[PDB]
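Report on one structure; see the data block that follows.
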There are 2 protein chains.
Amino acid sequence: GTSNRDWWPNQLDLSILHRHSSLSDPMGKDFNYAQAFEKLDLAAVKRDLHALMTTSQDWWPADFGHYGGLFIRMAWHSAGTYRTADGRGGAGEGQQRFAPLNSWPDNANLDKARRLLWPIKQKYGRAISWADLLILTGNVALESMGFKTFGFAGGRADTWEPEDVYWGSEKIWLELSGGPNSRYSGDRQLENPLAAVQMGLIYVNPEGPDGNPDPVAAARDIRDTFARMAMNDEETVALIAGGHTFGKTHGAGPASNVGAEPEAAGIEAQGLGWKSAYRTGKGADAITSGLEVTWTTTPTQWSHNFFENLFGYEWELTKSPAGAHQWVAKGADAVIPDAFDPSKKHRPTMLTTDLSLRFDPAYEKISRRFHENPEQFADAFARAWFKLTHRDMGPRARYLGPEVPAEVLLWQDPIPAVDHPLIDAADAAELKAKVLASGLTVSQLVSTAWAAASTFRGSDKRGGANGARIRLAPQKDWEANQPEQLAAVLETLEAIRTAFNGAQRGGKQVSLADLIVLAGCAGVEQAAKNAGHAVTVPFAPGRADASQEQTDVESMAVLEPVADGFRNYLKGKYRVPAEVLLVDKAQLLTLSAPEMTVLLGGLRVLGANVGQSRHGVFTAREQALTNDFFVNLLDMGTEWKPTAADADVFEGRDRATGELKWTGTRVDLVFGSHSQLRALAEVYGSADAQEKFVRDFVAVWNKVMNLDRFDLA
Amino acid sequence: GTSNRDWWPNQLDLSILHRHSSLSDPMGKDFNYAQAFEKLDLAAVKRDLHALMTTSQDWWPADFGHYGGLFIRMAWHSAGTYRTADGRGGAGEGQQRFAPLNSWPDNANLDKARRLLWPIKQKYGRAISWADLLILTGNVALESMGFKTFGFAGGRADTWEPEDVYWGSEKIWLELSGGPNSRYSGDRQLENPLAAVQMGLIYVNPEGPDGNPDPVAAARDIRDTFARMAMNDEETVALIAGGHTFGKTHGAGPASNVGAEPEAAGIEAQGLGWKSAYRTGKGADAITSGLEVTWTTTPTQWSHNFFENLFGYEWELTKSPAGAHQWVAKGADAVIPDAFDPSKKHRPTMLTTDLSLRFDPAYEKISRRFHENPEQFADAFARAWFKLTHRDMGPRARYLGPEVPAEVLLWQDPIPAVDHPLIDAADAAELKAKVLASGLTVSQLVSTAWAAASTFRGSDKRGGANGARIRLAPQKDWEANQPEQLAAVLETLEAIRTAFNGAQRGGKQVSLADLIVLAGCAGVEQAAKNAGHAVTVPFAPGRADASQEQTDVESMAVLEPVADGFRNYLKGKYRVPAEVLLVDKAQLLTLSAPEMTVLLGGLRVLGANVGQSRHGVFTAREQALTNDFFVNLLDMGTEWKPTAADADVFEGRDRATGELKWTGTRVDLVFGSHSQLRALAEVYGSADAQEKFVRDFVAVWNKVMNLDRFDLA
Ligand code: HEM
Ligand code: HEM
Ligand code: NA
Ligand code: NA
């Protein structure tokens with residue numbers, strides 16, 4: 001059946017803004033997962049998981065009689081899709097059970113692991129999400145095998161359809177670099193936002209870069225991908241060595257024996273895949289990655305044997321029974337146990353990427369320190385495992401259950417607890433009046449509050465106005481935030497604040513984070529007044545101000561908007577068209593297409609554009625909240641053409657006289673071009689729609705200002 | 001960006017069940033279009049349309065100074081996508097403004113027509129939908145030019161995204177038949193459900209079949225395509241001759257001058273397409289179809305000149321300035337006015353498909369009668385134009401405004417007015433008890449009510465239980481409805497009804513249509529009781545019984561279910577996998593994926609299968625409403641394999657003993673295979689889900705029962 005995407009494959013796709021509707025969700029409108037979780041008997045679930053570990057099923061027998069390694073890999077792959085560039089991927093929505101991730105080659109046989117968990121899922125039902133269960137299971141596996149975990153939080157609500165993620169443009173699974181859709185260019189530069197070296201991999205190729213078994217070159221890819229998953233060298237070394245203290249790989253026979261991945265398998269497979277024709281197809285004859293490596297002498301127990309073996313032998317290049325490159329310890333005895341036959345033993349083996357930890361100079365220093373100080377290795381791994389598995393969960397206020405670690409960690413972008421009375425509605429009215437009497441303009445107040453709040457992204461729940469991080473490095477210096485203008489607004493707000501706080505009793509004070517948002521509200525109210533409407537903008541206090549020392553400057557860099565269509569901003573020239581980037585940003589803001597449309601039209605007339613650009617400012621009453629943007633955009637008396645100087649700026653001229661009326665970008669004009677967007681613009685550009693426009697704007701403005709308010713959730 | 005559709009292009013697509021969410025809709029959750037339209041000043045809108053007809057815009061000059069012909073073609077293409085096979089297409093959702101229809105080659109320059117209407121759309125706002133306005137504008141055009149229409153109903157609510165319609169498998173616009181994705185096979189048999197001869201056409205090729213200018217062969221394509229749009233020979237002749245009494249075609253220069261369709265055009269085109277480099281690109285130099293024909297001597301006035309010309313001349317094969325085949329009157333004078341230059345006249349011209357009306361013997365008889373009796377022609381066209389433009393509106397209860405015709409038309413599947421008091425809640429309870437005391441079983445009651453209600457399709461709002469047409473020809477004889485079983489059920493219910501109705505006072509009575517539905521409600525209640533649950537199934541009275549004389553048997557044929565997954569039924573062997581046909585039927589029922597899943601699982605265990613098939617009946621407590629289908633489907637202790645006898649039937653065997661536990665079809669097992677459906681099945685197969693399953697089942701059963709109840713809307 002030929003579809004619109006077949007006819008017009010470069011058209012903008014808005015269905016990404018309308019996923020996760022109440023239509024696809026089997027739970028009721030009122031279902032609140034946090035409340036269900038809070039009543040789960042988590043101790044009972046963990047006992048069930050501990051029993052499961054050694055309860056081997058004949059359709060996928062447990063290696064060494066313990067599924068711990070398999071479930072550790074399962075949880076690490078659940079988390080390990082995360083990219084810091086956009087915050088997409090990660091464990092937080094349980095997307096490993098949906099396409100495409102359930103059929104990625106790197107997730108081979110994790111279908112078996114998740115099926116092993118069905119009876120537990122079934123027993124506890126809606127009280128534990130698949131998303132939480134996958135992580136909990138990894139935790140239990142580590143505990144079962146003697147490793148003390150740092151903690152666990154629940155609260156990952158399940159999702160019900162695949163997330164729309166750009167995973168790359170290749171049309172061949174695991175395509176090596178340099179093809180027609182190469183994710184690499186230049187000196188091995190991986191394109192943003194990708195965080196894996198090949199389509200269908202988690203991070204790197206375990207045989208080495210593009211299958212070449214050079215551990216030093218492998219280390220470069222490990223460092224680059226793990227940095228794109230928010231992990232530094234010490235965390236990387238701790239995670240890889242920690243993970244490969246357990247379990248084994250599976251490569252018993254040639255990969256040609258392995259059949260269709262789950263999404264391609266026949267209906268009788270009932271959701272499973274990779275059925276193998278090699279011998280019994282399972283257990284001792286399992287084929288997963290095609291490598292055949294068992295790292296330690298006790299694969300089902302925490303040990304310090306990984307680094308003993310890594311440093312204690314010299315390594316020789318060999319091949320697995322499937323033909324894959326791997327390494328074997330020279331001159332070693334057969335000390336590694338077999339997973340099924342107690343009469344066989346094996347020599348120590350390693351992956352190329354394991355050897356990276358020794359042959360890369362910076363990793364070697366870490367690896368040695370962990371070898372000599374195994375308590376440091378244990379603590380580093382426990383911490384890094386928690387980070388890995390919770391990195392996308394958002395602020396600590398979302399963490400549920402009795403195992404949440406008390407320690408506050410820098411990467412969580414912590415917010416101080418509020419320990420004073422909040423402002424009330426009378427105080428909010430007094431502060432808004434003070435803000436309006438200071439001389440700050442609608443444009444300044446709007447633009448500052450937009451800049452503070454619009455860092456939020458729903459993919460990993462980082463960012464937003466809570467914390468007043470807009471006054472700190474690096475947000476205060478971002479070009480999209482207009483550093484000089486920002487500094488002058490903040491200085492005026494801080495004087496208002498000081499004056500209001502010095503006048504209070506009983507400990508009441510207002511945070512700068514609250515005041516920035518409140519001042520934006522006053523701006524919107526003033527702009528509505530300028531247009532003749534009486535509008536009160538809702539405001540919820542309770543944000544607190546974070547310190548510079550609570551704000552990791554390097555981790556904040558990924559929030560910098562290099563494209564923000566809502567301020568008609570683009571930091572440079574990109575291969576992705578600006579309207580694509582607009583819809584991307586709207587998705588991260590959690591906006592639907594009607595919300596994105598109203599918001600953008602209102603911001604243009606309020607003076608939110610960076611640099612006070614006139615592009616899209618289709619009104620003669622700037623700083624008044626009207627639907628002018630729509631009404632003028634849709635006026636057929638204007639003809640549009642790209643300028644000779646810049647094909648991405650357009651001039652709109654009177655059709656009869658040729659006189660120039662307006663200029664716009666691609667972000668502006670898409671609303672007059674895309675047939676779905678223009679249908680939305682028509683609703684707000686109609687003669688009956690000025691009130692609806694103002695009210696819908698206020699609603700969406702409020703929504704954006706509250707995106708990170710999980711303290712009130 | 002590579003997507004799941006690229007990796008697994010044959011996987012079932014569930015996103016079609018989750019369109020039209022509240023996310024994509026810019027109107028409030030409470031917006032009621034009928035209530036907005038009922039307050040529209042329709043006479044004021046018509047006066048504005050009437051003015052527009054002769055107010056030429058210089059960006060698309062009006063032919064002959066009058067846009068009537070353009071807007072008639074616009075409204076006929078809005079309506080003319082309709083197919084009776086599925087009820088999809090038609091004018092009822094305003095889909096011409098979205099992809100792909102806005103960019104079909106047969107809709108070239110209708111973008112200009114829609115844009116001419118923006119000022120009126122903007123003036124009246126939400127009180128008149130684009131969908132209604134398109135039709136209304138066609139009516140006003142006809143009226144302005146002296147033609148008396150049969151009437152107009154409003155009520156077509158606007159939609160906000162493209163509908164998912166199968167329009168054929170061709171990858172090339174207008175591909176001639178016989179390619180790799182040919183819509184034809186055998187002796188020019190057009191595949192169901194298609195109703196056009198080439199991808200991107202409304203009905204037929206105006207040059208003749210695959211471009212071959214033979215009027216006799218073209219007539220075969222006209223008759224076949226129009227029959228597939230519910231029009232017979234008399235309606236067909238009346239529509240084509242009627243339409244081509246007005247306006248002209250546009251073919252002033254070579255087609256290579258015409259640029260990209262709207263979905264492919266540049267952003268600066270602002271939603272318009274087919275920009276032409278031929279001379280001024282518009283008006284006298286317009287190019288649309290490539291043909292250059294003007295049919296009558298008064299293209300802006302109703303007349304009987306189409307037939308005077310058709311029969312009063314002999315015709316010669318010629319070519320337009322773009323090279324298209326067309327016909328010119330031999331020996332004639334220059335009697336046809338030019339559209340822009342009052343000093344030029346032209347000879348009469350016709351399309352090959354116009355000449356079909358003369359050279360096909362059955363059409364010729366009708367055409368002669370219309371030529372000799374033009375009052376019969378005007379009446380037939382009026383009626384056909386109303387039918388065409390309202391065929392997908394549904395029951396008369398949905399028709400709004402002051403111009404609705406009072407005559408009841410057989411194609412409307414009319415339902416008699418109710419003229420007595422309805423049953424109340426106590427009467428409903430007495431009837432339910434009487435039904436259950438008769439000895440009708442849960443299976444019989446459920447199967448009967450499902451059969452009556454599940455003929456509804458949301459595409460054209462035909463079918464449903466209102467009418468009690470299940471007791472009439474042809475429904476009572478459809479094989480899916482189990483004619484002998486059905487007759488015995490109906491006979492018992494009619495005795496119950498007679499007894500109840502003979503006992504009442506004050507005119508109260510119950511219709512058989514209501515009692516069929518009620519009896520199904522008693523069945524579901526009893527099945528819930530059988531399982532330990534006390535529930536009340538909601539029921540709303542007020543259906544009425546239609547007569548055989550009010551039921552067009554031939555038009556009802558297209559409602560027959562040849563595939564009904566909800567009853568595990570497939571009438572024969574098809575190219576489309578059964579699971580695809582299930583999701584197709586769910587879409588026509590207006591069901592989401594969660595609703596589909598609950599409904600199917602419940603119907604299995606209630607005994608709804610045709611023939612009492614045991615396929616998918618995964619329970620040992622048949623006729624009890626439990627979640628057994630899901631619990632047993634998801635049990636990993638059962639292994640599934642296709643049977644040697646039939647690859648589409650599967651045996652489920654105990655994995656350990658090999659004992660046969662169940663059988664199922666592809667429809668059954670898709671819920672254990674497809675990763676999104678199996679995530680839904682898991683929620684209903686969990687241990688905490690039996691109350692949820694009962695409640696959600698009752699809700700979706702009630703939704704189905706009420707699909708055609710637009711009297712209560
Ligand atoms: C450079 C990074 C890494 C690479 C290239 C990599 C590669 C792989 C490969 C190829 C397998 C074998 C799959 C099979 O054939 O069954 C595997 C197994 C596994 N990995 Fe990793 N790994 C990486 C990092 C991780 C990390 C960060 C963890 C966890 C903290 C982890 C834990 C595991 C465990 C537990 C197994 C054993 C599976 C079992 O016993 O069934 N690895 N690794
Ligand atoms: C066999 C069925 C039909 C065929 C092949 C057909 C073909 C076409 C073609 C090729 C054009 C010229 C488009 C252009 O170049 O501007 C057109 C114009 C038109 N058609 Fe049809 N037609 C059919 C039936 C209908 C029907 C059923 C109606 C309405 C009741 C309709 C009303 C018109 C009108 C009013 C125009 C003139 C548009 C203008 O003045 O701009 N036609 N037809
Ligand atoms: Na994420
Ligand atoms: Na339809």
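Chain labels run A, B, ... following the order of the structure tokens; each chain numbers its residues from 1, and ligands are numbered from 1 in the order shown.
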Within 6 Å of chain A, which residues of chain B show up? Give each one with its shortest atom-to-atom distance in Å (one decimal) and the two atoms involved, counting only C-alpha atoms, rows by chain then rising residue number, as a Markdown table.
```
| residue | atom | partner | partner_atom | distance |
| --- | --- | --- | --- | --- |
| B:1 | CA | A:169 | CA | 4.6 |
| B:2 | CA | A:169 | CA | 5.1 |
| B:18 | CA | A:23 | CA | 5.5 |
| B:23 | CA | A:18 | CA | 5.6 |
| B:26 | CA | A:594 | CA | 5.2 |
| B:98 | CA | A:675 | CA | 5.7 |
| B:122 | CA | A:686 | CA | 4.3 |
| B:123 | CA | A:687 | CA | 5.3 |
| B:125 | CA | A:686 | CA | 5.3 |
| B:166 | CA | A:1 | CA | 5.8 |
| B:168 | CA | A:1 | CA | 5.8 |
| B:169 | CA | A:1 | CA | 4.6 |
| B:267 | CA | A:673 | CA | 5.6 |
| B:268 | CA | A:640 | CA | 5.2 |
| B:270 | CA | A:673 | CA | 4.1 |
| B:271 | CA | A:673 | CA | 4.4 |
| B:592 | CA | A:23 | CA | 5.9 |
| B:594 | CA | A:26 | CA | 5.2 |
| B:640 | CA | A:268 | CA | 5.4 |
| B:641 | CA | A:268 | CA | 5.8 |
| B:672 | CA | A:270 | CA | 5.1 |
| B:673 | CA | A:270 | CA | 4.2 |
| B:675 | CA | A:98 | CA | 5.8 |
| B:686 | CA | A:122 | CA | 4.3 |
| B:687 | CA | A:123 | CA | 5.3 |
| B:688 | CA | A:125 | CA | 5.8 |
```
So which residues of range 226-285 of chain B fall under helix (DSSP H, G or I) by DSSP, listed as a PyMOL selection string?
-> chain B and resi 226-227+233-243+255-257+262-264+267-269+283-285
Resulting file, chosen residues, C-alpha atoms, as a PDB file, in the first residue's frame:
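The resulting file, again_5.pdb, is reproduced below:
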```
ATOM      1  CA  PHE B 226     -19.101   4.680 -11.000  1.00  0.00           C
ATOM      2  CA  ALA B 227     -20.797   1.414  -9.814  1.00  0.00           C
ATOM      3  CA  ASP B 233     -26.256   4.160 -15.349  1.00  0.00           C
ATOM      4  CA  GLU B 234     -28.851   6.914 -15.086  1.00  0.00           C
ATOM      5  CA  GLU B 235     -27.027   8.655 -12.241  1.00  0.00           C
ATOM      6  CA  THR B 236     -23.726   8.349 -14.104  1.00  0.00           C
ATOM      7  CA  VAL B 237     -24.992   9.956 -17.328  1.00  0.00           C
ATOM      8  CA  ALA B 238     -26.769  12.674 -15.333  1.00  0.00           C
ATOM      9  CA  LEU B 239     -23.618  13.504 -13.331  1.00  0.00           C
ATOM     10  CA  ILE B 240     -21.139  13.620 -16.206  1.00  0.00           C
ATOM     11  CA  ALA B 241     -23.415  15.544 -18.627  1.00  0.00           C
ATOM     12  CA  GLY B 242     -24.519  17.732 -15.758  1.00  0.00           C
ATOM     13  CA  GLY B 243     -20.991  18.620 -14.690  1.00  0.00           C
ATOM     14  CA  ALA B 255       2.674  19.596 -19.535  1.00  0.00           C
ATOM     15  CA  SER B 256       6.412  19.752 -19.060  1.00  0.00           C
ATOM     16  CA  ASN B 257       5.833  23.402 -18.086  1.00  0.00           C
ATOM     17  CA  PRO B 262       1.702  20.864  -3.479  1.00  0.00           C
ATOM     18  CA  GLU B 263       3.279  18.248  -1.126  1.00  0.00           C
ATOM     19  CA  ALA B 264       6.557  18.527  -3.115  1.00  0.00           C
ATOM     20  CA  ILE B 267       8.006  26.310   1.138  1.00  0.00           C
ATOM     21  CA  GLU B 268       7.503  29.687  -0.543  1.00  0.00           C
ATOM     22  CA  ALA B 269       4.545  28.281  -2.577  1.00  0.00           C
ATOM     23  CA  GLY B 283      -5.897  32.268 -16.755  1.00  0.00           C
ATOM     24  CA  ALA B 284      -5.712  32.097 -20.579  1.00  0.00           C
ATOM     25  CA  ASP B 285      -2.454  30.136 -20.308  1.00  0.00           C
TER      26      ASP B 285
END
```
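For range 236-369 of chain B, backbone-based DSSP labels the following residues as strand (DSSP E or B): residues 248, 251, 258, 276, 287, 294, 315, 316, 317, 318, 319, 325, 326, 327, 328, 329, 336, 337, 345, 346, 349 and 350 of chain B.
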Any chance you could export the current selection's N, CA, C and O atoms as a JSON list (two decimals), in the first residue's frame?
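The result, written out as part06.json:
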```json
[["chain", "number", "residue", "atom", "x", "y", "z"],
["B", 248, "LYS", "N", -14.75, 24.58, -18.30],
["B", 248, "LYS", "CA", -13.82, 24.12, -19.27],
["B", 248, "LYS", "C", -12.68, 23.35, -18.63],
["B", 248, "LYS", "O", -12.50, 23.49, -17.42],
["B", 251, "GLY", "N", -5.50, 23.21, -20.87],
["B", 251, "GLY", "CA", -4.40, 22.43, -21.58],
["B", 251, "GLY", "C", -3.62, 23.39, -22.55],
["B", 251, "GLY", "O", -3.41, 23.01, -23.68],
["B", 258, "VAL", "N", 4.70, 22.29, -16.17],
["B", 258, "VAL", "CA", 4.00, 22.29, -14.87],
["B", 258, "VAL", "C", 4.91, 21.73, -13.84],
["B", 258, "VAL", "O", 5.40, 20.67, -14.00],
["B", 276, "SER", "N", 3.25, 26.87, -13.10],
["B", 276, "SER", "CA", 3.49, 26.64, -14.53],
["B", 276, "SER", "C", 4.43, 27.75, -15.16],
["B", 276, "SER", "O", 4.15, 28.96, -14.97],
["B", 287, "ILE", "N", -2.76, 25.46, -17.42],
["B", 287, "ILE", "CA", -2.61, 24.05, -17.71],
["B", 287, "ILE", "C", -2.95, 23.26, -16.42],
["B", 287, "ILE", "O", -2.32, 23.46, -15.38],
["B", 294, "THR", "N", -13.98, 22.98, -24.13],
["B", 294, "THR", "CA", -15.04, 23.76, -23.54],
["B", 294, "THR", "C", -16.32, 23.23, -24.11],
["B", 294, "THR", "O", -16.45, 23.24, -25.36],
["B", 315, "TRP", "N", -17.82, 13.61, -34.58],
["B", 315, "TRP", "CA", -16.65, 14.02, -33.81],
["B", 315, "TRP", "C", -15.36, 13.46, -34.38],
["B", 315, "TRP", "O", -15.27, 12.31, -34.71],
["B", 316, "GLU", "N", -14.33, 14.29, -34.38],
["B", 316, "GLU", "CA", -13.03, 13.96, -34.84],
["B", 316, "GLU", "C", -11.94, 13.94, -33.84],
["B", 316, "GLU", "O", -11.80, 14.98, -33.10],
["B", 317, "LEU", "N", -11.11, 12.90, -33.88],
["B", 317, "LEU", "CA", -10.00, 12.76, -32.95],
["B", 317, "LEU", "C", -8.87, 13.75, -33.22],
["B", 317, "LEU", "O", -8.49, 13.98, -34.38],
["B", 318, "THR", "N", -8.45, 14.48, -32.22],
["B", 318, "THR", "CA", -7.47, 15.59, -32.39],
["B", 318, "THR", "C", -6.60, 15.62, -31.13],
["B", 318, "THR", "O", -6.66, 14.69, -30.32],
["B", 319, "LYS", "N", -5.77, 16.63, -30.98],
["B", 319, "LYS", "CA", -4.89, 16.73, -29.83],
["B", 319, "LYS", "C", -4.93, 18.14, -29.28],
["B", 319, "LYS", "O", -5.01, 19.12, -30.04],
["B", 325, "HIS", "N", -5.17, 13.40, -26.22],
["B", 325, "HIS", "CA", -6.21, 13.11, -27.12],
["B", 325, "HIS", "C", -7.59, 13.73, -26.68],
["B", 325, "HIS", "O", -8.00, 13.59, -25.54],
["B", 326, "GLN", "N", -8.29, 14.35, -27.62],
["B", 326, "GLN", "CA", -9.59, 14.92, -27.43],
["B", 326, "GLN", "C", -10.33, 15.04, -28.76],
["B", 326, "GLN", "O", -9.77, 14.53, -29.78],
["B", 327, "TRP", "N", -11.56, 15.55, -28.76],
["B", 327, "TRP", "CA", -12.41, 15.47, -29.91],
["B", 327, "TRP", "C", -12.96, 16.82, -30.27],
["B", 327, "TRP", "O", -13.27, 17.68, -29.40],
["B", 328, "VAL", "N", -13.10, 17.10, -31.61],
["B", 328, "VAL", "CA", -13.60, 18.37, -32.10],
["B", 328, "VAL", "C", -14.75, 18.09, -33.10],
["B", 328, "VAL", "O", -14.78, 17.01, -33.79],
["B", 329, "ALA", "N", -15.74, 18.94, -33.10],
["B", 329, "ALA", "CA", -16.94, 18.74, -33.89],
["B", 329, "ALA", "C", -16.58, 19.00, -35.39],
["B", 329, "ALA", "O", -16.10, 20.09, -35.73],
["B", 336, "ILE", "N", -18.36, 28.51, -29.58],
["B", 336, "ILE", "CA", -18.09, 28.36, -28.16],
["B", 336, "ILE", "C", -17.26, 29.60, -27.75],
["B", 336, "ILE", "O", -16.23, 29.90, -28.39],
["B", 337, "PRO", "N", -17.65, 30.29, -26.70],
["B", 337, "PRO", "CA", -16.86, 31.49, -26.29],
["B", 337, "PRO", "C", -15.51, 31.12, -25.71],
["B", 337, "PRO", "O", -15.27, 30.04, -25.12],
["B", 345, "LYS", "N", -13.85, 32.85, -30.80],
["B", 345, "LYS", "CA", -14.77, 31.77, -30.60],
["B", 345, "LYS", "C", -14.11, 30.51, -31.05],
["B", 345, "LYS", "O", -13.10, 30.59, -31.73],
["B", 346, "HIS", "N", -14.62, 29.35, -30.59],
["B", 346, "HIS", "CA", -14.01, 28.06, -30.87],
["B", 346, "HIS", "C", -15.04, 27.08, -31.30],
["B", 346, "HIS", "O", -16.22, 27.25, -31.08],
["B", 349, "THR", "N", -15.98, 20.94, -28.59],
["B", 349, "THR", "CA", -15.03, 19.93, -28.25],
["B", 349, "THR", "C", -15.63, 19.01, -27.15],
["B", 349, "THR", "O", -16.58, 19.37, -26.51],
["B", 350, "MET", "N", -15.12, 17.80, -27.09],
["B", 350, "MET", "CA", -15.49, 16.76, -26.16],
["B", 350, "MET", "C", -14.31, 15.91, -25.77],
["B", 350, "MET", "O", -13.33, 15.77, -26.51]]
```
List all protein, DNA and RNA residues that have at least one atom no more than 9 Å from any atom of ligand 4, counting only C-alpha atoms and all ligand atoms, and write them as JSON, numbers by chain.
-> {"B": [81, 82, 83, 84, 86, 87, 88, 89, 90, 91, 92, 93, 391, 392, 393, 458, 459, 460, 461]}
Contact residues around range 566-571 of chain A with only C-alpha atoms at 10 Å, ignoring same-chain residues under 2 positions, as a PyMOL selection string | chain A and resi 447+450-451+454+479-481+561-564+573-574+578+581-582+585-586+596-597+599-604+607-616+664-668
Residues at most 6 Å from ligand 2, using only C-alpha atoms and all ligand atoms? Could they come as number ranges by chain?
-> B: 69-70, 72-73, 76, 204-206, 222, 239-240, 242-244, 246-250, 288-291, 353
Keeping only C-alpha atoms, take the residues you just selected and write them out as a PDB file, in the first residue's frame.
```pdb
ATOM      1  CA  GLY B  69     -17.086  25.548 -13.160  1.00  0.00           C
ATOM      2  CA  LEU B  70     -13.897  25.401 -11.047  1.00  0.00           C
ATOM      3  CA  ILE B  72     -18.210  22.415  -9.208  1.00  0.00           C
ATOM      4  CA  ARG B  73     -15.198  20.280 -10.174  1.00  0.00           C
ATOM      5  CA  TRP B  76     -17.221  16.656  -7.302  1.00  0.00           C
ATOM      6  CA  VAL B 204     -11.319   7.154 -15.224  1.00  0.00           C
ATOM      7  CA  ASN B 205      -8.767   8.453 -17.702  1.00  0.00           C
ATOM      8  CA  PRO B 206     -10.388  11.232 -19.728  1.00  0.00           C
ATOM      9  CA  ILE B 222     -16.924   4.504 -16.446  1.00  0.00           C
ATOM     10  CA  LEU B 239     -23.618  13.504 -13.331  1.00  0.00           C
ATOM     11  CA  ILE B 240     -21.139  13.620 -16.206  1.00  0.00           C
ATOM     12  CA  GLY B 242     -24.519  17.732 -15.758  1.00  0.00           C
ATOM     13  CA  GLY B 243     -20.991  18.620 -14.690  1.00  0.00           C
ATOM     14  CA  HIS B 244     -19.765  19.171 -18.244  1.00  0.00           C
ATOM     15  CA  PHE B 246     -20.237  24.019 -17.089  1.00  0.00           C
ATOM     16  CA  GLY B 247     -16.824  25.516 -17.418  1.00  0.00           C
ATOM     17  CA  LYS B 248     -13.823  24.120 -19.268  1.00  0.00           C
ATOM     18  CA  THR B 249     -10.617  22.039 -19.098  1.00  0.00           C
ATOM     19  CA  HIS B 250      -7.109  23.598 -19.166  1.00  0.00           C
ATOM     20  CA  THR B 288      -4.417  21.511 -15.428  1.00  0.00           C
ATOM     21  CA  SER B 289      -5.212  18.259 -17.076  1.00  0.00           C
ATOM     22  CA  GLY B 290      -3.526  18.974 -20.402  1.00  0.00           C
ATOM     23  CA  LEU B 291      -6.835  18.776 -22.294  1.00  0.00           C
ATOM     24  CA  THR B 353     -15.385   9.890 -21.934  1.00  0.00           C
TER      25      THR B 353
END
```
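A straight line drawn from CA of residue 107 in chain A to CA of residue 201 in chain A is 8.3 Å long.
The residue that comes closest to ligand 3, out of A:38, A:654, A:187, A:163 and on the basis of only C-alpha atoms and all ligand atoms, is A:163.
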Could you pull the residues within 9 Å of residue 424 in chain B, counting only C-alpha atoms, minus those fewer than 4 positions along the same chain, as a VMD selection string?
-> chain B and resid 428 to 429 541
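Here CA of residue 557 in chain B stands at a distance of 23.2 Å from CA of residue 398 in chain B.
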I'd like the contact shell of residue 254 in chain B - 8 Å cut-off, only C-alpha atoms, skipping same-chain residues fewer than 4 positions apart - returned as a PDB file with N, CA and C atoms, in the first residue's frame.
```pdb
ATOM      1  N   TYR B 278       4.581  28.128 -18.376  1.00  0.00           N
ATOM      2  CA  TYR B 278       3.959  28.455 -19.668  1.00  0.00           C
ATOM      3  C   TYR B 278       3.294  29.840 -19.673  1.00  0.00           C
ATOM      4  N   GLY B 290      -4.069  19.154 -19.119  1.00  0.00           N
ATOM      5  CA  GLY B 290      -3.526  18.974 -20.402  1.00  0.00           C
ATOM      6  C   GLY B 290      -4.530  18.909 -21.561  1.00  0.00           C
ATOM      7  N   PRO B 321      -3.138  21.407 -27.214  1.00  0.00           N
ATOM      8  CA  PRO B 321      -1.774  21.915 -27.218  1.00  0.00           C
ATOM      9  C   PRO B 321      -0.739  21.223 -26.334  1.00  0.00           C
ATOM     10  N   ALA B 322      -1.151  20.441 -25.341  1.00  0.00           N
ATOM     11  CA  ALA B 322      -0.265  19.622 -24.568  1.00  0.00           C
ATOM     12  C   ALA B 322      -0.096  18.203 -25.146  1.00  0.00           C
ATOM     13  N   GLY B 323      -0.787  17.877 -26.200  1.00  0.00           N
ATOM     14  CA  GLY B 323      -0.616  16.559 -26.745  1.00  0.00           C
ATOM     15  C   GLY B 323      -1.626  15.524 -26.299  1.00  0.00           C
TER      16      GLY B 323
END
```
